[PDB]
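There is one chain below, alone, in structure tokens, taken in the form deposited in one PDB entry.
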């Protein structure tokens, strides 16, 4: 409206366009997901755009095969002023999109399924542009969802505390209206959480377990950095010897860029003298490799390995 009204409401272009997207999604899910699909196509530098008939009548594999042939250096690799901020922005868009979809649309069975199937689809593609763009998207997606899960946890605790000061208040008395709503609320919140955990699995099994060993080092680096973020944010789901092995197996990686990332991940874990216990078996299993890298070959990898080992000593 007025200039005062806009400035006091710093809605960004992103937030603005994610708000427009959500309205458009509510009128017509199809055209809205078509636009979200094309957006992923166009962030790869792919010059094609999918039409509704394709969308309505074609499997992602088909769509992907067709957009593959329409490939002319993609937005994520360009240098220049007019692409400096792109990666930062692509990453923020996926966090804004989900943050905003997190109460209704996320839990529909159509939006997140379209997106994740398309991101899995592009992360199999022989085109680097597709693998790099989709995987960075999938990794930021997983994190957006882990945030959704952390918000749910907080609501699950308020709904659990609240169900307790009602269950106790009755005892002997017929289960009333409040105790049936709360006992439902609690069921919803847990089913909501299952849905998130489901999406996390499709993204992890479908994209992460294949990409972290990607031929391109930048892609392996995108994966490691992010599994590090999951393990710190959401320890109980993500900090365990199955997920950690990924990080362990990748200390042996060939590129400084990636070894550096494995160490930065383990650093952020071992600083928290609280999940320090949950790294016991992992410290035993990979101490020889962590310790070896202190004289790594690449100065700044070594510097970090040293900072890691001192962090471990201190515990």
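Here the rigid core means the biggest group of C-alpha atoms that line up within 1.5 Å when the two forms are laid on top of each other. Residue numbers count along the first chain shown, from 1.
- Compared against other deposited entries of this protein, residue 175 counts as consistently modelled, with coordinates in all of those that resolve the residues around it and thus below the third mark.
- The modelled chain breaks after residue 72 and resumes at residue 73, leaving 4 to 9 residues of the deposited sequence without coordinates.
- Mean CA B-factor, 157-165 versus 231-239: the higher value falls on 157-165.
- Averaged over CA atoms, B-factors in the entry run higher in 273-281 than in the other of 273-281 and 29-37.
- If you compare the C-alpha temperature factors of 202, 184, 133, 104 in the entry, 184 comes out highest.
- In this entry, the residue among 222, 97, 171, 137 with the greatest C-alpha B factor is 171.
- Annotation for residue 305: CA B-factor lies in the middle third of the chain's modelled residues.
- The deposited CA B-factor of residue 298 belongs to the highest third of values across its chain.
- Compared with the other modelled residues of the chain, the Cα B-factor recorded for residue 66 ranks in the highest third.
- Residue 211 sits in the lowest third of its chain by CA B factor, as recorded in the PDB entry.
- In this PDB entry, residue 46 carries a Cα temperature factor that places it within the highest third of its chain's modelled residues.
There is also a form deposited in another entry; it is not shown, and the following applies to it.
- With the rigid core aligned between this form and the one not shown, only one of 82, 88, 104, 201 has a CA shift of 2 Å or more: 82.
- With a cut-off of 2 Å and the rigid core superposed, residue 292 has a Cα displacement that falls short of the cut-off between this form and the one not shown.
- Relative to this form, residue 144 and residue 7 approach one another in the other form, with their C-alpha atoms ending up at least 3 Å closer.
- In contrast to the form presented, in the other form the C-alpha positions of residue 9 and residue 85 draw closer by 3 Å or more.
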